[PDB]
Amino acid sequence: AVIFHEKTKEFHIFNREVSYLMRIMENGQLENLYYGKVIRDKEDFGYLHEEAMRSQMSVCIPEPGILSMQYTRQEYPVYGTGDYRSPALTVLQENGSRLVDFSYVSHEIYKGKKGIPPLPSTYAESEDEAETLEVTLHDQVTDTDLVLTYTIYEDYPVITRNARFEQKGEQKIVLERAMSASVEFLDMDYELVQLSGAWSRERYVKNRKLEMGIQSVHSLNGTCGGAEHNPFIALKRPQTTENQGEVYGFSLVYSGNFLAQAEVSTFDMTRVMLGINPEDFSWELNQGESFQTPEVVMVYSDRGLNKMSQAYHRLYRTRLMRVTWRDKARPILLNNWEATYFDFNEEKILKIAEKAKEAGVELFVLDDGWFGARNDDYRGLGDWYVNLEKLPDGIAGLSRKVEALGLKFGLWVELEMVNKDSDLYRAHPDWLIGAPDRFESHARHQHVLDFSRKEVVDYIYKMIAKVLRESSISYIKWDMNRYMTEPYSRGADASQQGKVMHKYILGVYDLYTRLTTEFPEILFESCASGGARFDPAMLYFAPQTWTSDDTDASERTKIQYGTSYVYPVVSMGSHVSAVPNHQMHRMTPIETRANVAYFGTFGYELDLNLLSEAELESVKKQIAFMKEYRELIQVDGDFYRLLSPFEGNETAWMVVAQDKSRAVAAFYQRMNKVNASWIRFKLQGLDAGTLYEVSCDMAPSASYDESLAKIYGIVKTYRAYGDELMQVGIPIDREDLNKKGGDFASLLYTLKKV
Amino acid sequence: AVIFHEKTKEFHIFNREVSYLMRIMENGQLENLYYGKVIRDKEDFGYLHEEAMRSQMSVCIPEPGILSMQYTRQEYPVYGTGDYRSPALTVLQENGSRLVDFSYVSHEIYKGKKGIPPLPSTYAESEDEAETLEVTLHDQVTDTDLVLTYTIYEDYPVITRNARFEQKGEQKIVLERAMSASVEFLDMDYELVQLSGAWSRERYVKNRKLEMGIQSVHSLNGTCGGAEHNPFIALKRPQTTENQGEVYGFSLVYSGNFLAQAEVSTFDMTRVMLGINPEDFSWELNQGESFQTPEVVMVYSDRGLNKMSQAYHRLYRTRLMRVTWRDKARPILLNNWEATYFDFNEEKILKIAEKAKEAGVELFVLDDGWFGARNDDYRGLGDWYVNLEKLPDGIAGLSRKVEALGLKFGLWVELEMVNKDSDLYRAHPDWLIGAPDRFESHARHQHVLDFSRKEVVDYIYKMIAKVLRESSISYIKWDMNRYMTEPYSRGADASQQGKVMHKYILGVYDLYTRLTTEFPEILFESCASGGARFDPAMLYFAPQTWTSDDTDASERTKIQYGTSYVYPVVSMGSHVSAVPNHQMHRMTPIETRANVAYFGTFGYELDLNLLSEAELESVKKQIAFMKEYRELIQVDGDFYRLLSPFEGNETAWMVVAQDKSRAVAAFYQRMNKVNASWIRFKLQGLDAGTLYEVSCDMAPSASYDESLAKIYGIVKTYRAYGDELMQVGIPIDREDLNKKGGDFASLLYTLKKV
Amino acid sequence: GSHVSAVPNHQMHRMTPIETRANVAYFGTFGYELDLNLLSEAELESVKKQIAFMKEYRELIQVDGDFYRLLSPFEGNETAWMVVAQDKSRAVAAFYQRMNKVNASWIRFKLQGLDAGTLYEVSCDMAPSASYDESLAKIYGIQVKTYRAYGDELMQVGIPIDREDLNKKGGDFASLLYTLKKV
Amino acid sequence: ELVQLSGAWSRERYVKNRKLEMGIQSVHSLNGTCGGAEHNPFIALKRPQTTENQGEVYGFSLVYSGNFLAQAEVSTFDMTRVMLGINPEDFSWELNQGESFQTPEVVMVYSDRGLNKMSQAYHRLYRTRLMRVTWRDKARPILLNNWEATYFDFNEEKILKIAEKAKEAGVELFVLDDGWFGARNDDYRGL
């Protein structure tokens, strides 16, 4: 709902769960009054705004009145007129001044949502789902206008904001900074929650306590958001638990350079902003030209972090992904990277795909080594045609044979980069990104292809569109392992640099749109070396991504616990792999790897013919279990986090159906403890007054000397109510998880209605 | 000492306390290797630079080598070549690109210190007292050169850093960000200390813990550094107290917009930068033009915060203040601001000064109201003649009469601001600092002038030297009560509009230089609304500063505790005010007011003829004590902080002579406790083995009631050793400070060698 | 059991406004350990007005009503509590300060124990004390509260506190008392 | 976390919180004639993240006005035991044939919505089920005391001028506080 209160000049936006208030000042500005849980509205709310007479305070209205921007909560601030806090807008004019002033003109209210066509966003399937308010402000000196757009979703506590700039005069202006949102609070008793990491260790949860000054996260990686920081921010009280408290969450729909900032002043006032990085941003606007900023999604919860995470999960599963895969279950596949990184051939492949049919696999994906002359990591990239010295029948023959075996087919592609020895560099090397007379840095023997121009991307498409047309492909994986250096473009005027780092992202979005439009029957897999581009803007284009290049049950729980704060379980991609690890070289039980891999998308990175017959029968049961339970696990259910691996030695989570009639729970341990305490296990989301039955499997696997447990002197179905399973819990015996391997151990429990 | 080690291309700078190591890498850049406590020197140190291969890492040298700027410690970095942290330099060129590469060319070593003429800086008397190193770097694409200057102070653990840019080509460049120093550390187990506050509460000490991301403090006030944050940053270990631990301190010699930033990466690498705020800064350089940045002074201590603060005190007293007031004791003065507001004649001024001559006062100061039509706060500012209605005798006659009475004379000026009702605005309104077709904000009914324009500085210099030449003045107080807003200059071009704030600061420096040079016998008092511009820069021209405008017996025990971290005691001003305060309206004993006002520059703001005879004796005793002990307190003496008011209820400091032969200590209490514990007072700076005698004065206050004490049944001197006073302490009786007033009580102790 | 004593109290030797002493003595058994032949004429009239309040509200304060603690004096500078009736139709709230703050932030006094959906009327009397310098405020430029609200808007959004009304109540140990009626 | 009330004369019952660790944490009384102003016979165990409005807490109180001991022991297997009772410092009770001994009562209250709910439960129980029926739900009168008005120095004519004055104000009860009995002019004789 949206109401105006024309006699008082206010705005109240609310649904069954949240409220947002604002009003128009006497100098034509919009200023915040309240943002939080829902309240009833009345005609006048004027007492919530108060004025004082401080010292060193400069007023922006004529002499009789008193009003300052340093002591007020305003939406979309600006610098240079009495507010000495970090601004959100910066416009440069022809006389050399940076001074702007936008005043209220008109407003408009309607039902539904728009598309912000250049960029992705969330959509609405009906006219009764969302409501939208647009406010127009005008700058008379430079003759420009600014539109602020707010959208409210019903059935969720979800608010989205964006801003658009229009230029109408004969003058030209320059934008040097343009944030998307700004939210202000009257106190500082909060804590900032963020997700930070690096390669092979991504998205670890970190907490900081707010203090006067500035705290921020940023990304200057150019070609992606980076594995260092993730564009997500949370503000929570210091006494907020997974199932009680009060928390605000802000997410940005963008996959480029970003800045997220929280500034606390010396009068206990907090300001939070999110947007594009102004490091190398300079957008020139001429007569009849427009600019649109990314979208910011904010969610408020008053019952812990689980509720906020569930709001994100449902919203991103239902109102962001395409309707083709909204209510579908992902297949089970097998990759050859770990088994065969580079040295392979059709024959060595027709024996791996042959063995992975009795187990139950349904997709086979090839990897690097099938194009130009790529035998090593220094040659052949950019030549997207079939190598005939490894696949004599070509890709068409191999795909035909694989489909004849009863499987499906998939390929690997990296349509953004080039090597020096390829034909693309010899034909015309002026399509690279760089500057004249400057050295050209090299990451992995490869350089970026300048998508800021339309001619290059076009060529790219054709060279690959054919590969899809001749053969019968059903799955593609797009890898990208390089950052952007020296952002200069050959095809641009001296007043066109500064747009390249945004035009590149726009071009990659255009390429995705073309490929998805032509082939709406192909599942896409995004990959930035394993989790450097997990931004939702990609989830809008590719339904699932590769979470991380770790594949260690010990380290993947740590990564997935952090990832699940904002991103749904379906998005995360997981695989089971060999035991002598390559990244950590640690060895784990085969049942632990399977247990960790269940909560996501199942898959294998193994050589199924090298395993022993006493484990090629565990792979057959794992696949059966996964294809029995994937319907509950992926598309229909709620995710609860129960124990934190960041504080303690154990991890535990569970997933529950929407009607509370079926659930599965998992409990993992890190290090073996000797002569320790009794351990319980309490569950969270169930129904008191129901009579679930609990089932577990305690099969003692290999690596158990029952002949030594004798010297030291050392039925699974029970039926209980939701009450007992919540307050009391499930007793865990430390002797049981010693037969499961001891060091890294896991347990799954399955609950049933009656 | 500076040594080269040509065979290995290194640089070792050391003295008896600290060491700094650096070297030239294989791409012509400077790399930091070690900074800290002194170590002996060998020929080779190259094994301290470690490099390893990682993923997503781009090298900047030819293919066979491995060198990434993300995982190396470098001085004065830059963005766009393989580094994804915050840069320290941004240059914009005519082709539109921002890409620079500076390579080492030559170096020079000499003895002494230069002057960096446009800005104030520390000097070295004679030579053999300091040593200087200059490194020259050149870029071939733009033909611009950079000079980095390092200076080591012998006898102190002090290192100073600065930089300079020179343009040698036929083109023009635009500097958009320029920092003075950049230091890197290999870990992040540190704590950040800062001084933050507001009006009437300045420089409160605040500690923060380092976390991945950015922690920064800035200032955007334009005309000053402001009361919100101070240009000083310290890094300390978490277990560091006043007398043990390790700490690094950084201070910036500049009185304008500043930025101090600490950036922690995901690999546990910390980077600290200080410099000018790049918010609205853009400097254009043509052929034969140079740019000079402010200076950074950095200090290391390994024995607690007291040693660091003492290093600052000694350096800023002996090498920054002018030689005229370097070894003198400040006079005792009487002010009249709080005695009368805007309401005085030639006659009331004589009576208030006649009485304060038998007490022992030696200087009299006249405040705002003597010039123009300054009958209220609305008008009269800008024209600087004598209001003949109020003073028919004039400033000259008043000064002669005061000198006849046996005192000296002082005046109050504000040479930066104007009123609309003054003659200066009616004559010509084009000298205000503002933009066309924009509303002009007003702070206290006043506006700022464009010091940037010299025609204005020339007009202001006259009409003021006339007053200082006609009469016999000996004291001037300069007050500033308006910040800079809408920074536009009518006397400029479309370019060079981003140089207004720096030029304004340079212009005020020039005016100070003129006034000081042409009147070398006048003491200047700098008061930017009561502690908004306090910094070494202002100390280069005005030897003392008005600390705050609160004048509370308490409150000032928390503003001076925080202030004493970096600035010497002789700088801070301290006066006595009326018993019912004008700011907090609380009542304090006079003895506490005197005992707080001692540790600064003693003064009075009372009306001495409205006090009682029991009070005119106390004032005489106070004056005698101060003029007996001011030589020890101000000129020669070390300041020790004993007990903190930010953690606890009591405050305590003391000052000791330089040969451990005399000392005075104080103890302050905030709240009164009933039925509490025994309290001991441990001193910290003395000489073990000496036999001081300790003396105190204990005379009950007039408010103490004795007939009530007998119902509830409820000068000193003794000899002790230094160690007994340092490990055991002085036992304070909790009924002793119940006779001092009870609520806000204080005690003084004097120690003697015999 | 709580009483009201003479201003320079015999235990701590501290001066406190009489209305703060009355406000702290209301939550308990009201009493007077005082002598009324020593009080001034402008202060004897202020004592008769406290007895009427206590005789009017003691039934709600003592025999029927829940006690909620809102702010903690062991964690900050201010104290705050309140008493609510059993059917949620009347309430009394009290706010106390320890030290005066200069140039400080805003205050939002958040209540508890009421019910959303009920329209309450809030009243307070911010009468100045006898130790107020008006001209001092004049030269600084800084020179019948009944209003209606809802139950949820009082617990989720606070009552705005104006720090200038805490400076004319004594300033150092100032206190405020609010009355809520279901009408 | 353990919550207790500790203080002294003129400063009683300040709230103090401790974090449990393997060992013993206790509070006792040894004054003999009373529980003393130092510690009060009340103990709370609360979760570390418990506010006045959310979280779970257990409160134990002991109905006894003499020596007491309240103890909480944590073993090396993360097991916590809480005990309350009489202090065994000088306690030694001899029982013969046909003799019995009785211990004081312990009241325990559990809440899961902060501390206000537990405190309210205690207030209601102590008001309705502990105090005598005659003064259970009445309003206490307004009294005037003269200890800090006269101390030991007063007479009959001194107090009848106080009582007359405190009748116009609205007081309804007067209390003498000391010195009334013979030989009472200081704190040395007459008791």
# chains A, B, ... in the order shown; residues from 1 in each chain; ligands from 1

call {"tool": "residues_around", "arguments": {"residues": "residue B:635", "least_positions_apart": "2", "cutoff": "12 Å", "atoms": "only C-alpha atoms", "output": "list in words"}}
result
residues 313, 314, 317, 318, 325, 326, 327, 328, 329, 330, 568, 569, 570, 571, 599, 600, 601, 629, 630, 631, 632, 633, 637, 638, 639, 655, 656, 657 and 658 of chain B

call {"tool": "residues_around", "arguments": {"residues": "residue A:640", "least_positions_apart": "6", "cutoff": "12 Å", "atoms": "only C-alpha atoms", "output": "PyMOL selection string"}}
result
chain A and resi 242-243+304-310+313+561+564-565+568-569+599+652-657+663-666+682-686

call {"tool": "residues_around", "arguments": {"residues": "residue C:82", "least_positions_apart": "3", "cutoff": "7 Å", "atoms": "only C-alpha atoms", "output": "PyMOL selection string"}}
result
chain C and resi 67-69+92-94

call {"tool": "write_last_selection", "arguments": {"atoms": "N, CA, C and O atoms", "output": "PDB file, in the first residue's frame"}}
result
ATOM      1  N   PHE C  67       5.514  -4.472  36.692  1.00  0.00           N
ATOM      2  CA  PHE C  67       6.688  -3.609  36.755  1.00  0.00           C
ATOM      3  C   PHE C  67       7.659  -4.020  35.660  1.00  0.00           C
ATOM      4  O   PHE C  67       8.108  -5.169  35.626  1.00  0.00           O
ATOM      5  N   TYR C  68       7.985  -3.083  34.772  1.00  0.00           N
ATOM      6  CA  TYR C  68       8.900  -3.320  33.663  1.00  0.00           C
ATOM      7  C   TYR C  68      10.123  -2.431  33.819  1.00  0.00           C
ATOM      8  O   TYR C  68       9.992  -1.232  34.076  1.00  0.00           O
ATOM      9  N   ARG C  69      11.305  -3.015  33.653  1.00  0.00           N
ATOM     10  CA  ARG C  69      12.559  -2.271  33.673  1.00  0.00           C
ATOM     11  C   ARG C  69      12.983  -2.004  32.235  1.00  0.00           C
ATOM     12  O   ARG C  69      13.145  -2.941  31.448  1.00  0.00           O
ATOM     13  N   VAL C  92       2.143   4.543  34.091  1.00  0.00           N
ATOM     14  CA  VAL C  92       3.032   5.610  34.543  1.00  0.00           C
ATOM     15  C   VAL C  92       4.453   5.241  34.139  1.00  0.00           C
ATOM     16  O   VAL C  92       4.860   4.086  34.287  1.00  0.00           O
ATOM     17  N   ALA C  93       5.205   6.210  33.621  1.00  0.00           N
ATOM     18  CA  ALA C  93       6.572   5.964  33.184  1.00  0.00           C
ATOM     19  C   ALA C  93       7.503   7.027  33.750  1.00  0.00           C
ATOM     20  O   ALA C  93       7.127   8.192  33.880  1.00  0.00           O
ATOM     21  N   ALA C  94       8.728   6.618  34.082  1.00  0.00           N
ATOM     22  CA  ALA C  94       9.702   7.509  34.692  1.00  0.00           C
ATOM     23  C   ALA C  94      11.066   7.347  34.035  1.00  0.00           C
ATOM     24  O   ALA C  94      11.531   6.225  33.782  1.00  0.00           O
TER      25      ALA C  94
END

call {"tool": "closest_residue", "arguments": {"among": "A:738, A:545, A:230, A:554", "to": "chain B", "atoms": "only C-alpha atoms"}}
result
A:230

call {"tool": "select_by_dssp", "arguments": {"residues": "stretch 202-391 of chain A", "states": "strand (DSSP E)", "output": "PyMOL selection string"}}
result
chain A and resi 202-209+213-219+232-236+247-253+258-264+270-276+283-285+289-292+295-301+333-335+363-365

call {"tool": "interface_residues", "arguments": {"of": "chain D", "to": "chain B", "cutoff": "10 Å", "atoms": "only C-alpha atoms", "output": "ChimeraX atom specification"}}
result
/D:8-11,151-152,186

call {"tool": "interface_residues", "arguments": {"of": "chain B", "to": "chain C", "cutoff": "7 Å", "atoms": "only C-alpha atoms", "output": "PDB file with N, CA and C atoms, in the first residue's frame"}}
result
ATOM      1  N   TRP B 199      31.815  20.068  19.449  1.00  0.00           N
ATOM      2  CA  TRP B 199      31.938  21.335  20.160  1.00  0.00           C
ATOM      3  C   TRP B 199      31.705  21.127  21.651  1.00  0.00           C
ATOM      4  N   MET B 584      27.329  23.978  31.472  1.00  0.00           N
ATOM      5  CA  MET B 584      26.660  22.864  32.130  1.00  0.00           C
ATOM      6  C   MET B 584      25.869  23.250  33.366  1.00  0.00           C
ATOM      7  N   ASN B 672      31.295  10.929  44.305  1.00  0.00           N
ATOM      8  CA  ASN B 672      31.577  10.650  45.704  1.00  0.00           C
ATOM      9  C   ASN B 672      31.109   9.243  46.054  1.00  0.00           C
ATOM     10  N   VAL B 674      30.602   6.273  49.109  1.00  0.00           N
ATOM     11  CA  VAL B 674      30.369   6.094  50.536  1.00  0.00           C
ATOM     12  C   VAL B 674      30.643   4.639  50.885  1.00  0.00           C
ATOM     13  N   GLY B 742      33.709  17.087  48.348  1.00  0.00           N
ATOM     14  CA  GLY B 742      32.962  15.853  48.221  1.00  0.00           C
ATOM     15  C   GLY B 742      32.730  15.380  46.802  1.00  0.00           C
TER      16      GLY B 742
END

call {"tool": "select_by_dssp", "arguments": {"residues": "stretch 56-112 of chain C", "states": "alpha helix (DSSP H)", "output": "VMD selection string"}}
result
chain C and resid 56 to 62

call {"tool": "interface_residues", "arguments": {"of": "chain B", "to": "chain A", "cutoff": "7 Å", "atoms": "only C-alpha atoms", "output": "JSON, numbers by chain"}}
result
{"B": [56, 57, 58, 59, 60, 80, 81, 82, 84, 94, 95, 96, 97, 197, 198, 213, 214, 215, 216, 217, 220, 221, 228, 266, 441, 442, 443, 481, 482, 485, 486, 488, 494, 495, 497]}

call {"tool": "interface_residues", "arguments": {"of": "chain C", "to": "chain D", "cutoff": "8 Å", "atoms": "only C-alpha atoms", "output": "number ranges by chain"}}
result
C: 5, 29-37, 47-48, 51, 58-59, 62-63, 66-70, 74

call {"tool": "residues_around", "arguments": {"residues": "stretch 348-352 of chain B", "least_positions_apart": "4", "cutoff": "12 Å", "atoms": "only C-alpha atoms", "output": "PyMOL selection string"}}
result
chain B and resi 334-337+339-340+343-344+356-359+361+364-367+370+390-391+397-405+407+409+604-610

call {"tool": "write_last_selection", "arguments": {"atoms": "C-alpha atoms", "output": "PDB file, in the first residue's frame"}}
result
ATOM      1  CA  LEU B 334      42.489  38.476  32.595  1.00  0.00           C
ATOM      2  CA  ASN B 335      39.709  38.227  30.004  1.00  0.00           C
ATOM      3  CA  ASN B 336      36.331  39.726  29.921  1.00  0.00           C
ATOM      4  CA  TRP B 337      34.200  37.544  27.630  1.00  0.00           C
ATOM      5  CA  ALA B 339      32.261  38.719  32.712  1.00  0.00           C
ATOM      6  CA  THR B 340      30.270  40.926  30.259  1.00  0.00           C
ATOM      7  CA  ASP B 343      27.718  45.337  27.319  1.00  0.00           C
ATOM      8  CA  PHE B 344      30.657  47.464  28.452  1.00  0.00           C
ATOM      9  CA  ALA B 356      42.931  42.860  39.021  1.00  0.00           C
ATOM     10  CA  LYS B 357      46.239  44.642  39.613  1.00  0.00           C
ATOM     11  CA  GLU B 358      46.622  44.120  43.351  1.00  0.00           C
ATOM     12  CA  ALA B 359      46.034  40.394  42.808  1.00  0.00           C
ATOM     13  CA  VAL B 361      47.613  39.891  37.002  1.00  0.00           C
ATOM     14  CA  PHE B 364      44.442  42.472  30.155  1.00  0.00           C
ATOM     15  CA  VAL B 365      42.510  41.404  27.048  1.00  0.00           C
ATOM     16  CA  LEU B 366      39.541  43.132  25.396  1.00  0.00           C
ATOM     17  CA  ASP B 367      37.040  40.987  23.487  1.00  0.00           C
ATOM     18  CA  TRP B 370      34.894  47.379  20.435  1.00  0.00           C
ATOM     19  CA  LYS B 390      31.675  53.140  23.363  1.00  0.00           C
ATOM     20  CA  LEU B 391      35.281  54.416  23.549  1.00  0.00           C
ATOM     21  CA  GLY B 397      43.874  56.124  24.920  1.00  0.00           C
ATOM     22  CA  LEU B 398      42.630  52.922  26.538  1.00  0.00           C
ATOM     23  CA  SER B 399      46.008  51.263  25.975  1.00  0.00           C
ATOM     24  CA  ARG B 400      47.873  54.225  27.474  1.00  0.00           C
ATOM     25  CA  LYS B 401      45.616  54.267  30.543  1.00  0.00           C
ATOM     26  CA  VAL B 402      46.013  50.508  31.046  1.00  0.00           C
ATOM     27  CA  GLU B 403      49.797  50.803  30.701  1.00  0.00           C
ATOM     28  CA  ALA B 404      49.724  53.615  33.266  1.00  0.00           C
ATOM     29  CA  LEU B 405      47.862  51.300  35.652  1.00  0.00           C
ATOM     30  CA  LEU B 407      49.282  46.193  32.965  1.00  0.00           C
ATOM     31  CA  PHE B 409      46.969  45.306  26.546  1.00  0.00           C
ATOM     32  CA  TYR B 604      41.225  34.213  34.718  1.00  0.00           C
ATOM     33  CA  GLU B 605      37.822  34.980  33.192  1.00  0.00           C
ATOM     34  CA  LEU B 606      36.107  36.132  36.397  1.00  0.00           C
ATOM     35  CA  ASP B 607      35.069  39.531  37.744  1.00  0.00           C
ATOM     36  CA  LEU B 608      37.426  39.886  40.687  1.00  0.00           C
ATOM     37  CA  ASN B 609      35.340  42.543  42.479  1.00  0.00           C
ATOM     38  CA  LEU B 610      32.277  40.281  42.819  1.00  0.00           C
TER      39      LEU B 610
END

call {"tool": "residues_around", "arguments": {"residues": "residue D:68", "least_positions_apart": "2", "cutoff": "8 Å", "atoms": "only C-alpha atoms", "output": "list in words"}}
result
residues 28, 29, 30, 35, 41, 64, 66, 70, 84, 85, 86 and 87 of chain D

call {"tool": "residues_around", "arguments": {"residues": "stretch 448-463 of chain A", "least_positions_apart": "5", "cutoff": "7 Å", "atoms": "only C-alpha atoms", "output": "NGL selection string"}}
result
:A and (384 or 416-418 or 431-433 or 484 or 500 or 503-504 or 507)

call {"tool": "atom_distance", "arguments": {"atom1": "atom CA of residue A:105", "atom2": "atom CA of residue A:138"}}
result
6.7 Å

call {"tool": "residues_around", "arguments": {"residues": "residue A:621", "least_positions_apart": "3", "cutoff": "12 Å", "atoms": "only C-alpha atoms", "output": "PyMOL selection string"}}
result
chain A and resi 358-360+591+594+614-618+624-628

call {"tool": "closest_residue", "arguments": {"among": "B:745, B:363, B:116, B:163", "to": "residue B:411", "atoms": "only C-alpha atoms"}}
result
B:363

call {"tool": "atom_distance", "arguments": {"atom1": "atom CA of residue B:268", "atom2": "atom CA of residue A:646"}}
result
18.4 Å

call {"tool": "atom_distance", "arguments": {"atom1": "atom CA of residue C:182", "atom2": "atom CA of residue C:147"}}
result
11.9 Å
